[PDB]
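Working notes for the structure below.
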Amino acid sequence: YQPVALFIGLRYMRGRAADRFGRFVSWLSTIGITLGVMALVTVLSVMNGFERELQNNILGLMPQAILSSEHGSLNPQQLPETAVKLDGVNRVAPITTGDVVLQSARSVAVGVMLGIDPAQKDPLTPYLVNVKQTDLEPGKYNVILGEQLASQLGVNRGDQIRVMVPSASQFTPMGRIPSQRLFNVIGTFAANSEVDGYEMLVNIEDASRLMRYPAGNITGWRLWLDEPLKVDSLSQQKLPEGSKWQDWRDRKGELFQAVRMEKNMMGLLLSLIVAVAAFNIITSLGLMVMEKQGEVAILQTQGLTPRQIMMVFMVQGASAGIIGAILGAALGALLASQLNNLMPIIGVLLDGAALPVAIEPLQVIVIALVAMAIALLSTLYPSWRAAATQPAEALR
Amino acid sequence: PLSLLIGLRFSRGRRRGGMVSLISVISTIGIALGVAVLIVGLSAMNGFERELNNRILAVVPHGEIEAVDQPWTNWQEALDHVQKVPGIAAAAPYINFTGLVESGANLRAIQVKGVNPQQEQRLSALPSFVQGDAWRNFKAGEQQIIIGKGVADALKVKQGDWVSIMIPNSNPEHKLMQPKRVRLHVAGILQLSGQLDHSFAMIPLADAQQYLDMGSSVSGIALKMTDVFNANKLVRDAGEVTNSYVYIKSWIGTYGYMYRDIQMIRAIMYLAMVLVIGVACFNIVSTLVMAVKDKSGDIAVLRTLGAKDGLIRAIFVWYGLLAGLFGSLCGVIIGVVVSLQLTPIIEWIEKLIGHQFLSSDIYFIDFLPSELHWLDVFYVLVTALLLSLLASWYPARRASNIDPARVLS
Amino acid sequence: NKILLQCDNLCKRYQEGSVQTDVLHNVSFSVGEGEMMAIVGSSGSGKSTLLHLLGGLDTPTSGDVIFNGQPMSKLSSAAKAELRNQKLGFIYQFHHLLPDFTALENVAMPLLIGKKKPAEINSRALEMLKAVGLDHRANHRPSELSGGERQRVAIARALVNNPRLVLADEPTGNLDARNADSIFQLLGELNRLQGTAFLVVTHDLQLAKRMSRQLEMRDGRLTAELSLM
Amino acid sequence: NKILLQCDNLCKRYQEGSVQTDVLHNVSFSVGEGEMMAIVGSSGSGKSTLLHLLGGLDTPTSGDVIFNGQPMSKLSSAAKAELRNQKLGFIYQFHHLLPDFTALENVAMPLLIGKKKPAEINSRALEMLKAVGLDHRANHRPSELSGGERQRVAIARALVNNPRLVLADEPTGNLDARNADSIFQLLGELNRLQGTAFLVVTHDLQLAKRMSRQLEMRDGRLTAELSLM
């Protein structure tokens with residue numbers, strides 16, 4: 001026959017059809033763990049969707065990784081792109097990046113300049129308006145500004161702006177002179193994100209000449225990742241000799257770090273629910289033991305080892321945990337990816353887009369196993385207490 | 001007193017000590033954890049509200065009106081019409097520059113605000129937040145500027161140091177190119193918040209009009225309401241009073257997300273802790289089921305003395321309410337203990353665990369504040385009592401509907 | 001002369017199918033106020049079921065307990081509650097005490113359910129306490145006292161409200177004679193003066209002979225009804 | 001003669017000093033296989049705890065119960081489990097059934113504990129039902145059952161796997177006589193064929209005298225030792 005503990009364990013949690021109430025009383029623990037895991041999964045899914053939106057709006061439009069040389073600029077001859085292949089990277093493109101100061105007639109701003117070759121598309125080119133991508137040919141100093149940046153400076157097509165770099169200043173008898181050049185607006189870039197505020201595009205050749213680099217050099221290789229959330233792990237990868245690694249956490253790391261922190265803060269703030277549910281489990285057994293002590297001793301008079309009775313109660317506890325966790329995960333998955341449908345018929349707090357929802361099965365699996373382990377630890381103690389009790393004291 | 005004292009005796013009727021008192025302390029721990037964490041969260045949000053009230057909305061201009069075409073020829077006329085508009089506490093003019101501050105080979109492009117000191121004292125509490133300086137002696141004709149501390153430390157400049165300021169000063173003539181580079185002397189350091197101090201630099205308004213070579217005019221007018229939550233309509237009306245050339249900007253568009261996020265955080269914690277108390281009241285239900293199964297004989301005896309069909313229900317509802325009451329107090333004690341020593345607790349955790357919580361110019365404040373509101377405590381305790389009563393309600397009704405003779409024979 | 005309560009043709013079956021036995025048939029009582037009736041019978045001879053039925057604990061399958069022509073069955077269970085609290089006093093032969101209350105609460109509990117204000121109920125309890133004779137140990141735990149004392153405390157708490165009908169199902173089985181004669185005389189003056197009626201069911205024949213006119217309730221049938229005259 | 005079971009200086013105390021009663025102290029037994037020892041006495045005269053000590057359920061303070069050379073003290077818990085599973089069968093004072101388990105599985109439970117395939121265990125359960133005589137009531141609910149049947153089902157459970165030693169502490173409290181004769185005939189049948197030894201505790205001397213060998217323990221000490229042959 002199947003191991004003896006399983007039969008008794010499965011049979012106690014069912015039965016007692018004379019009232020149809022004891023079933024609810026015993027399943028209260030499963031209900032509580034189900035609500036806890038449902039709340040966890042739905043809130044983590046919503047926050048993951050919001051974070052996915054942020055990463056496609058902030059990181060989606062900026063160099064997600066940048067590989068440069070140890071000293072000075074990068075020479076494409078030394079490290080060709082076909083020789084620059086790594087794990088997790090799906091695309092490599094030559095790039096130069098810099099921080100510059102932009103001077104219009106009426107106001108001044110700081111910006112991030114991206115020197116690229118016009119023949120290659122960037123994820124912002126679909127948002128480019130009234131601008132041929134190939135038009136950024138070298139020597140004409142064609143520059144595309146963001147919509148918010150252009151609005152703040154208040155210039156448009158056909159207006160000149162002075163771009164200067166103070167970090168690349170050169171000493172002369174008239175002091176330190178920062179590099180400067182006049183640039184001609186050729187259109188506007190409208191991506192409707194924070195990046196639109198400070199990102200501006202120029203040709204790679206003029207950009208290289210601007211930072212006082214020797215001709216033919218580029219700053220480095222921009223690398224795209226399938227999952228940037230693990231850049232730290234990618235930072236541990238072996239790199240080609242003489243290179244250095246840089247990444248987005250230089251500028252926008254803290255914010256994303258903050259987001260992650262906030263997540264796991266809520267990650268505990270709702271997790272407490274299941275912890276409380278765990279407590280209920282113990283009390284449930286605190287019921288059943290005193291409701292079944294006068295019977296378990298008989299099983300003791302049978303061949304039941306104490307190590308078998310510990311199992312027969314722990315398996316009941318684990319069965320409650322398993323059923324609760326699986327049912328809660330199923331209800332959370334059903335509620336996720338569909339809350340956009342149910343929300344409008346009732347009051348919706350947010351204005352505009354209703355709600356982003358991105359569900360990652362890894363999170364669901366992790367929280368499911370966490371629920372399993374917490375249920376097991378909760379059900380451990382009363383089982384051992386019942387096992388250690390000698391039959392005589394239970395009887396008298 | 002009340003005839004329900006019997007229940008307390010059942011509360012004092014605890015036998016078979018050991019493994020039966022464990023469930024009691026488990027229930028108490030659950031109630032206490034839920035209630036205490038709820039109170040910590042609510043007090044932390046109230047402290048955040050207080051700090052947003054003091055640190056930020058008392059230094060920013062609550063309303064802005066800017067001329068779209070030209071600096072006002074009649075700025076004084078517009079302002080002295082608008083100061084008698086009802087629902088307005090004060091108004092003042094200001095001029096808005098943006099320029100390059102350079103010192104120690106470090107250059108930063110920042111916006112500059114030129115205001116009249118005696119009026120901005122009324123317009124805001126900003127000079128009160130200066131660490132230490134001549135916040136009142138700041139006047140015109142001295143080539144003095146005040147810089148926020150973040151810009152000062154990122155620029156490697158200190159008090160009593162000289163800086164150069166470059167302004168475009170565009171003119172229709174050829175002088176628009178090669179922006180004018182004046183010299184200036186820093187005088188004080190501001191310490192407002194994590195974000196506000198990295199962009200504010202203030203100059204005297206008369207020296208502002210002098211350094212621009214512009215006329216007796218300002219680039220905008222700032223407004224302070226008495227009530228801020230309805231500033232949009234008030235500023236719309238105020239701009240309606242003067243000419244139609246104005247454009248109104250209300251802080252609410254920029255900063256109402258902070259308020260609404262605080263409200264939604266409060267809602268999230270409230271709902272989640274309601275769920276927590278719900279699970280704990282399931283625990284209470286289990287305890288009462290055990291109590292009924294163990295005192296069936298005594299309740300039968302109570303029945304054979306001619307008690308009514310609700311008296312037993314009253315006994316057990318009071319039993320449940322008392323059981324919840326014990327844990328609720330045992331949690332609110334900690335809840336009140338924290339939220340007054342909370343900041344040292346959090347900095348202790350911060351030193352013990354080498355991880356910064358809110359710093360690095362993302363949250364508006366650095367530390368975790370707190371403020372205790374007793375009405376919130378009362379509301380929370382009432383919520384706990386109501387949930388416990390709702391839980392205890394069903395077992396009482398079940399106990400009422402058992403006939404002693406039905407089971408005895 | 002019975003007017004208050006009359007029992008007629010009490011029938012009850014309390015088993016499942018197949019083994020379903022109509023244990024009782026044509027059970028009728030003639031209990032008149034002011035008269036002392038005793039029920040005699042042997043142990044396990046089908047006497048406890050109807051005796052518990054006489055308290056209105058379960059609904060008879062057939063037969064009536066009629067009050068002045070007003071039937072209990074048609075009126076609500078709350079009516080049964082005040083009948084059990086104020087007009088009728090019923091005693092189980094088990095102790096059935098409350099370990100959590102002292103003697104004072106254990107004896108005044110029916111008065112407490114009588115929702116009267118503290119002074120007169122407390123005085124009434126003290127009066128019953130002096131009549132019983134256990135004033136020495138008033139406020140300690142009843143659990144740590146002897147058997148007969150607990151039984152007589154149960155009897156006292158049953159007789160505090162001076163109910164019309166006092167059904168006492170062997171009050172002296174676990175009691176010695178030194179307290180038995182005292183409680184017998186006590187109930188004697190209560191019966192002669194206040195006039196409450198007693199239906200005392202007892203097993204031992206000698207103590208059964210101590211009552212004036214005697215029924216014999218055997219095997220669910222009233223066979224012998226012995227009267228002095 | 002006696003090989004299976006040997007008791008050595010049985011002593012047991014389960015409380016603290018001074019108040020410690022020597023219910024067992026230097027008590028030795030001669031338990032023979034194939035014979036019927038019966039112990040008689042009153043309630044609370046050490047009839048229960050003594051015989052529960054025989055099952056290895058508790059640890060005696062002094063002395064040990066040795067079965068074929070294994071003292072309980074050095075004997076592991078699993079070995080005691082197998083011993084009480086395949087050699088000893090015990091009946092409590094009550095029925096001690098499992099209200100979650102129906103009669104068939106309730107009586108087959110040790111057989112599944114015996115870890116053998118369902119066919120023979122179900123066949124054994126059916127033949128036990130034949131011997132008990134309740135072919136009609138095989139799968140109905142113990143809750144919808146009377147007392148004597150459930151206690152005799154408990155006895156059957158205790159005897160399914162053919163104990164060498166069948167220990168019974170007053171097995172017929174709720175069981176009447178016209179069933180008692182039949183069940184004791186069944187026990188005699190198992191005695192003449194299987195030869196298992198029954199240790200029956202009882203209060204009435206009539207049934208106890210018809211046992212072959214009888215010890216009498218009054219106030220915790222064995223007074224009478226009479227064996228027919």
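Identifiers in the structure tokens: chain A, B, ... in order shown; residue index from 1 per chain; ligand index from 1 in order shown.
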
Item to complete: Give me the residues within 12 Å of residue 180 (chain C) as a list in words, counting only C-alpha atoms and dropping any in the same chain fewer than 2 places off.
Response: residues 132, 148, 149, 151, 152, 155, 170, 171, 172, 173, 174, 175, 176, 177, 178, 182, 183, 184, 185, 186, 187, 188, 207 and 210 of chain C

Worksheet entry | Near-residue 378 (chain A) list (8 Å; only C-alpha atoms; drop same-chain fewer than 5 positions) as a ChimeraX atom specification | /A:278-279,281-282

Practice prompt. For region 360-373 of chain B, list every protein, DNA or RNA residue within 9 Å, evaluated using only C-alpha atoms, and leave out those in the same chain fewer than 4 positions away; present the list as a PyMOL selection string.
Written response: (chain A and resi 254-255+258) or (chain B and resi 39-40+42-48+50-52+55-56+192-196+336+339-340+342-343+346-347+356+377)

Next, dump the selected residues to file, keeping only N, CA and C atoms, as a PDB file, in the first residue's frame.
```
ATOM      1  N   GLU A 254      20.957  54.976  -9.513  1.00  0.00           N
ATOM      2  CA  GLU A 254      20.331  55.179  -8.211  1.00  0.00           C
ATOM      3  C   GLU A 254      18.816  55.120  -8.315  1.00  0.00           C
ATOM      4  N   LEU A 255      18.242  55.867  -9.263  1.00  0.00           N
ATOM      5  CA  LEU A 255      16.798  55.837  -9.451  1.00  0.00           C
ATOM      6  C   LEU A 255      16.306  54.408  -9.607  1.00  0.00           C
ATOM      7  N   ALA A 258      16.685  52.719  -6.458  1.00  0.00           N
ATOM      8  CA  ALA A 258      15.570  53.119  -5.614  1.00  0.00           C
ATOM      9  C   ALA A 258      14.328  52.316  -5.953  1.00  0.00           C
TER      10      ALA A 258
ATOM     11  N   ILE B  39       0.608  51.095  12.398  1.00  0.00           N
ATOM     12  CA  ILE B  39       0.814  52.379  13.057  1.00  0.00           C
ATOM     13  C   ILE B  39       2.122  53.008  12.602  1.00  0.00           C
ATOM     14  N   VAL B  40       3.173  52.198  12.465  1.00  0.00           N
ATOM     15  CA  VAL B  40       4.442  52.725  11.972  1.00  0.00           C
ATOM     16  C   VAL B  40       4.259  53.329  10.589  1.00  0.00           C
ATOM     17  N   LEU B  42       1.469  54.490   9.111  1.00  0.00           N
ATOM     18  CA  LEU B  42       0.648  55.696   9.117  1.00  0.00           C
ATOM     19  C   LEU B  42       1.408  56.882   9.695  1.00  0.00           C
ATOM     20  N   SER B  43       2.145  56.670  10.787  1.00  0.00           N
ATOM     21  CA  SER B  43       2.923  57.762  11.354  1.00  0.00           C
ATOM     22  C   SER B  43       4.025  58.213  10.408  1.00  0.00           C
ATOM     23  N   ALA B  44       4.657  57.277   9.696  1.00  0.00           N
ATOM     24  CA  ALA B  44       5.680  57.659   8.732  1.00  0.00           C
ATOM     25  C   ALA B  44       5.095  58.484   7.592  1.00  0.00           C
ATOM     26  N   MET B  45       3.923  58.097   7.087  1.00  0.00           N
ATOM     27  CA  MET B  45       3.298  58.901   6.042  1.00  0.00           C
ATOM     28  C   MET B  45       2.897  60.277   6.551  1.00  0.00           C
ATOM     29  N   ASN B  46       2.374  60.367   7.774  1.00  0.00           N
ATOM     30  CA  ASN B  46       2.038  61.680   8.314  1.00  0.00           C
ATOM     31  C   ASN B  46       3.283  62.543   8.473  1.00  0.00           C
ATOM     32  N   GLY B  47       4.394  61.943   8.901  1.00  0.00           N
ATOM     33  CA  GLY B  47       5.639  62.689   8.972  1.00  0.00           C
ATOM     34  C   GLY B  47       6.109  63.162   7.611  1.00  0.00           C
ATOM     35  N   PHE B  48       5.959  62.313   6.592  1.00  0.00           N
ATOM     36  CA  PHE B  48       6.278  62.737   5.232  1.00  0.00           C
ATOM     37  C   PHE B  48       5.410  63.914   4.812  1.00  0.00           C
ATOM     38  N   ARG B  50       4.058  66.151   6.787  1.00  0.00           N
ATOM     39  CA  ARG B  50       4.535  67.313   7.528  1.00  0.00           C
ATOM     40  C   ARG B  50       5.802  67.885   6.907  1.00  0.00           C
ATOM     41  N   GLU B  51       6.737  67.017   6.523  1.00  0.00           N
ATOM     42  CA  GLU B  51       7.994  67.500   5.967  1.00  0.00           C
ATOM     43  C   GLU B  51       7.815  68.078   4.572  1.00  0.00           C
ATOM     44  N   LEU B  52       6.910  67.522   3.770  1.00  0.00           N
ATOM     45  CA  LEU B  52       6.583  68.166   2.505  1.00  0.00           C
ATOM     46  C   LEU B  52       5.922  69.514   2.741  1.00  0.00           C
ATOM     47  N   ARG B  55       9.287  71.762   4.462  1.00  0.00           N
ATOM     48  CA  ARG B  55      10.536  71.911   3.719  1.00  0.00           C
ATOM     49  C   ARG B  55      10.328  72.470   2.316  1.00  0.00           C
ATOM     50  N   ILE B  56       9.278  72.047   1.612  1.00  0.00           N
ATOM     51  CA  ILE B  56       9.194  72.346   0.184  1.00  0.00           C
ATOM     52  C   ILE B  56       8.142  73.394  -0.151  1.00  0.00           C
ATOM     53  N   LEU B 192      17.745  72.928   1.511  1.00  0.00           N
ATOM     54  CA  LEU B 192      16.293  72.787   1.461  1.00  0.00           C
ATOM     55  C   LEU B 192      15.851  71.327   1.444  1.00  0.00           C
ATOM     56  N   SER B 193      16.308  70.569   0.455  1.00  0.00           N
ATOM     57  CA  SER B 193      15.827  69.212   0.239  1.00  0.00           C
ATOM     58  C   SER B 193      16.838  68.478  -0.631  1.00  0.00           C
ATOM     59  N   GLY B 194      16.468  67.273  -1.069  1.00  0.00           N
ATOM     60  CA  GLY B 194      17.343  66.485  -1.917  1.00  0.00           C
ATOM     61  C   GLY B 194      17.385  66.937  -3.360  1.00  0.00           C
ATOM     62  N   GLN B 195      16.384  67.680  -3.808  1.00  0.00           N
ATOM     63  CA  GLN B 195      16.307  68.096  -5.201  1.00  0.00           C
ATOM     64  C   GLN B 195      16.286  69.601  -5.379  1.00  0.00           C
ATOM     65  N   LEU B 196      15.633  70.328  -4.473  1.00  0.00           N
ATOM     66  CA  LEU B 196      15.432  71.759  -4.662  1.00  0.00           C
ATOM     67  C   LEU B 196      16.727  72.554  -4.555  1.00  0.00           C
ATOM     68  N   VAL B 336       2.847  52.930  19.779  1.00  0.00           N
ATOM     69  CA  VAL B 336       3.069  54.250  20.361  1.00  0.00           C
ATOM     70  C   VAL B 336       4.524  54.404  20.790  1.00  0.00           C
ATOM     71  N   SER B 339       7.511  55.485  16.552  1.00  0.00           N
ATOM     72  CA  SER B 339       6.981  56.701  15.949  1.00  0.00           C
ATOM     73  C   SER B 339       7.300  57.924  16.799  1.00  0.00           C
ATOM     74  N   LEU B 340       7.889  57.756  17.980  1.00  0.00           N
ATOM     75  CA  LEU B 340       8.492  58.854  18.714  1.00  0.00           C
ATOM     76  C   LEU B 340       9.988  58.683  18.894  1.00  0.00           C
ATOM     77  N   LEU B 342      11.423  56.720  16.489  1.00  0.00           N
ATOM     78  CA  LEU B 342      11.561  55.969  15.245  1.00  0.00           C
ATOM     79  C   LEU B 342      12.814  56.368  14.474  1.00  0.00           C
ATOM     80  N   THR B 343      13.120  57.664  14.414  1.00  0.00           N
ATOM     81  CA  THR B 343      14.294  58.097  13.662  1.00  0.00           C
ATOM     82  C   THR B 343      15.596  57.503  14.190  1.00  0.00           C
ATOM     83  N   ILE B 346      15.677  53.869  12.957  1.00  0.00           N
ATOM     84  CA  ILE B 346      16.018  53.697  11.555  1.00  0.00           C
ATOM     85  C   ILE B 346      17.480  54.018  11.285  1.00  0.00           C
ATOM     86  N   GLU B 347      18.051  55.030  11.940  1.00  0.00           N
ATOM     87  CA  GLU B 347      19.475  55.280  11.723  1.00  0.00           C
ATOM     88  C   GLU B 347      20.329  54.179  12.346  1.00  0.00           C
ATOM     89  N   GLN B 356      22.110  52.578   2.358  1.00  0.00           N
ATOM     90  CA  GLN B 356      21.394  53.842   2.459  1.00  0.00           C
ATOM     91  C   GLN B 356      19.949  53.663   2.012  1.00  0.00           C
ATOM     92  N   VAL B 377      -4.846  56.532  15.390  1.00  0.00           N
ATOM     93  CA  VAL B 377      -4.705  55.405  16.306  1.00  0.00           C
ATOM     94  C   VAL B 377      -6.074  54.894  16.726  1.00  0.00           C
TER      95      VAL B 377
END
```

With the cut-off set at 7 Å and counting only C-alpha atoms, tabulate each residue of chain B with an atom at most that distance from an atom of chain A, showing the nearest atom pair and its distance in Å to one decimal, ordered by chain and increasing number, as CSV.
```
residue,atom,partner,partner_atom,distance
B:23,CA,A:283,CA,5.5
B:26,CA,A:279,CA,6.5
B:30,CA,A:276,CA,5.9
B:98,CA,A:107,CA,5.9
B:99,CA,A:108,CA,6.2
B:109,CA,A:109,CA,6.0
B:168,CA,A:105,CA,6.2
B:170,CA,A:105,CA,5.4
B:176,CA,A:105,CA,6.6
B:272,CA,A:270,CA,6.5
B:276,CA,A:273,CA,5.4
B:279,CA,A:32,CA,5.8
B:280,CA,A:276,CA,6.9
B:282,CA,A:28,CA,6.7
B:283,CA,A:280,CA,5.5
B:286,CA,A:25,CA,6.9
B:290,CA,A:287,CA,6.5
B:362,CA,A:255,CA,6.6
```

Take the residues that were just selected and, keeping N, CA, C and O atoms, output them as a short mmCIF file (atom, residue, chain, number, x, y, z; two decimals), in the first residue's frame.
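Contents of again19.cif, freshly written:
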```
data_model
loop_
_atom_site.label_atom_id
_atom_site.label_comp_id
_atom_site.auth_asym_id
_atom_site.auth_seq_id
_atom_site.Cartn_x
_atom_site.Cartn_y
_atom_site.Cartn_z
N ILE B 23 -0.96 28.86 21.63
CA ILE B 23 -1.85 29.41 20.61
C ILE B 23 -2.29 30.82 20.99
O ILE B 23 -2.45 31.69 20.12
N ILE B 26 0.52 33.10 20.14
CA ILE B 26 0.59 33.21 18.69
C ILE B 26 -0.43 34.21 18.17
O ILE B 26 -0.12 35.08 17.34
N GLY B 30 0.37 37.79 16.29
CA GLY B 30 -0.17 38.19 15.00
C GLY B 30 -0.87 39.54 15.05
O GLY B 30 -0.59 40.43 14.23
N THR B 98 19.11 82.43 -16.65
CA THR B 98 19.80 81.15 -16.68
C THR B 98 21.19 81.38 -17.26
O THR B 98 21.35 82.06 -18.28
N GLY B 99 22.20 80.83 -16.59
CA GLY B 99 23.56 81.16 -16.97
C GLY B 99 24.56 80.16 -16.44
O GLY B 99 24.22 79.20 -15.73
N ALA B 109 25.66 74.95 -15.61
CA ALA B 109 24.60 75.78 -16.16
C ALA B 109 23.39 75.66 -15.25
O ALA B 109 22.86 74.56 -15.05
N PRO B 168 23.70 84.94 -21.63
CA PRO B 168 23.65 85.23 -23.07
C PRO B 168 23.37 86.69 -23.38
O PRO B 168 24.07 87.29 -24.20
N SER B 170 20.92 88.18 -25.05
CA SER B 170 20.67 88.32 -26.48
C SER B 170 20.06 89.68 -26.80
O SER B 170 19.17 90.16 -26.09
N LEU B 176 24.68 89.62 -29.41
CA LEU B 176 24.07 88.41 -28.88
C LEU B 176 25.09 87.28 -28.73
O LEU B 176 25.04 86.53 -27.75
N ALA B 272 -3.81 46.30 3.10
CA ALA B 272 -2.99 45.12 3.40
C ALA B 272 -3.09 44.74 4.87
O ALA B 272 -3.19 43.55 5.21
N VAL B 276 -4.30 41.45 6.94
CA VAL B 276 -3.55 40.81 8.02
C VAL B 276 -4.44 40.55 9.23
O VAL B 276 -4.45 39.45 9.80
N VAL B 279 -6.71 37.62 8.63
CA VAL B 279 -6.12 36.31 8.89
C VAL B 279 -6.05 36.04 10.39
O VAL B 279 -6.40 34.95 10.88
N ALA B 280 -5.63 37.05 11.16
CA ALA B 280 -5.57 36.86 12.60
C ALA B 280 -6.96 36.63 13.20
O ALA B 280 -7.10 35.90 14.19
N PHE B 282 -9.35 35.03 11.63
CA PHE B 282 -9.55 33.60 11.39
C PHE B 282 -8.95 32.78 12.52
O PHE B 282 -9.54 31.81 13.00
N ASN B 283 -7.74 33.16 12.95
CA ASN B 283 -7.15 32.51 14.12
C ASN B 283 -8.07 32.61 15.33
O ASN B 283 -8.27 31.62 16.06
N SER B 286 -10.84 30.11 15.09
CA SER B 286 -10.39 28.78 15.47
C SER B 286 -10.34 28.63 16.99
O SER B 286 -10.79 27.62 17.55
N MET B 290 -12.51 26.01 19.42
CA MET B 290 -11.96 25.17 20.48
C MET B 290 -12.65 25.44 21.81
O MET B 290 -12.99 24.51 22.55
N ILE B 362 17.02 61.45 -4.68
CA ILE B 362 15.85 60.86 -5.33
C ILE B 362 14.57 61.16 -4.54
O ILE B 362 13.59 61.63 -5.11
#
```

Can you check which residues of region 50-131 of chain D DSSP gives as strand (DSSP E or B) on the backbone and send them as an mmCIF file with N, CA, C and O atoms, in the first residue's frame?
```
data_model
loop_
_atom_site.group_PDB
_atom_site.id
_atom_site.type_symbol
_atom_site.label_atom_id
_atom_site.label_comp_id
_atom_site.auth_asym_id
_atom_site.auth_seq_id
_atom_site.Cartn_x
_atom_site.Cartn_y
_atom_site.Cartn_z
ATOM 1 N N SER D 62 11.813 0.955 37.686
ATOM 2 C CA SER D 62 12.690 -0.172 37.956
ATOM 3 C C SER D 62 12.055 -1.429 37.383
ATOM 4 O O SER D 62 10.831 -1.535 37.268
ATOM 5 N N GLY D 63 12.903 -2.381 37.014
ATOM 6 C CA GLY D 63 12.454 -3.585 36.352
ATOM 7 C C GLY D 63 12.168 -3.348 34.881
ATOM 8 O O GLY D 63 12.011 -2.218 34.411
ATOM 9 N N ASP D 64 12.093 -4.446 34.138
ATOM 10 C CA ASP D 64 11.876 -4.384 32.703
ATOM 11 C C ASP D 64 11.028 -5.558 32.236
ATOM 12 O O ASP D 64 10.928 -6.591 32.907
ATOM 13 N N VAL D 65 10.417 -5.381 31.070
ATOM 14 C CA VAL D 65 9.594 -6.397 30.432
ATOM 15 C C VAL D 65 10.380 -6.897 29.230
ATOM 16 O O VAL D 65 10.551 -6.162 28.251
ATOM 17 N N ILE D 66 10.858 -8.134 29.296
ATOM 18 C CA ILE D 66 11.750 -8.680 28.280
ATOM 19 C C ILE D 66 10.977 -9.701 27.454
ATOM 20 O O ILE D 66 10.292 -10.580 28.000
ATOM 21 N N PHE D 67 11.042 -9.543 26.135
ATOM 22 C CA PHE D 67 10.350 -10.418 25.195
ATOM 23 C C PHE D 67 11.409 -11.105 24.339
ATOM 24 O O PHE D 67 12.021 -10.477 23.472
ATOM 25 N N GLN D 70 15.025 -9.289 24.520
ATOM 26 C CA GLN D 70 15.278 -7.863 24.354
ATOM 27 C C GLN D 70 14.664 -7.067 25.498
ATOM 28 O O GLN D 70 13.435 -6.950 25.580
ATOM 29 N N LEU D 88 1.551 -8.478 19.739
ATOM 30 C CA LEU D 88 0.665 -8.086 20.829
ATOM 31 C C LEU D 88 -0.545 -7.362 20.260
ATOM 32 O O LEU D 88 -0.407 -6.517 19.370
ATOM 33 N N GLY D 89 -1.724 -7.695 20.777
ATOM 34 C CA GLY D 89 -2.936 -6.970 20.456
ATOM 35 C C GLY D 89 -3.628 -6.478 21.713
ATOM 36 O O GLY D 89 -3.879 -7.265 22.630
ATOM 37 N N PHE D 90 -3.935 -5.185 21.772
ATOM 38 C CA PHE D 90 -4.472 -4.567 22.974
ATOM 39 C C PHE D 90 -5.789 -3.867 22.688
ATOM 40 O O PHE D 90 -5.951 -3.235 21.641
ATOM 41 N N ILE D 91 -6.727 -3.997 23.623
ATOM 42 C CA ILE D 91 -8.016 -3.321 23.575
ATOM 43 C C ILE D 91 -8.074 -2.303 24.707
ATOM 44 O O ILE D 91 -7.853 -2.656 25.871
#
```

Tell me the residues of chain C close to chain D, meaning within 10 Å using only C-alpha atoms, as a tab-separated table (two decimals) with N, CA and C atoms, in the first residue's frame.
```tsv
chain	number	residue	atom	x	y	z
C	15	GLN	N	-33.91	6.69	18.68
C	15	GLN	CA	-32.92	5.86	18.00
C	15	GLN	C	-32.97	6.17	16.51
C	16	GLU	N	-32.14	5.47	15.75
C	16	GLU	CA	-32.14	5.55	14.30
C	16	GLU	C	-33.17	4.58	13.74
C	17	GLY	N	-33.13	4.36	12.43
C	17	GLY	CA	-34.01	3.40	11.82
C	17	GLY	C	-33.72	1.98	12.26
C	19	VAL	N	-33.61	-0.14	14.48
C	19	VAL	CA	-33.57	-0.29	15.93
C	19	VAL	C	-34.49	0.73	16.58
```

Worksheet item: Which residues in region 14-216 of chain D does DSSP call helix (DSSP H, G or I)? List them as a PyMOL selection string.
Response: chain D and resi 48-53+77-86+103-113+118-132+142-144+147-159+177-193+205-209

Discussion item. With distances taken over only C-alpha atoms, which residue among A:343, A:143, A:377, A:100 lies nearest residue 211 (chain A)?
Written reply: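 Going through A:343, A:143, A:377, A:100 one by one, the smallest distance to residue 211 (chain A) is for A:100.
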
Fill in: Residues near residue 220 (chain D), cut-off 10 Å, only C-alpha atoms, skip fewer than 3 positions along chain, as a PyMOL selection string
chain D and resi 22-25+27+41+44-47+50+216-217+223
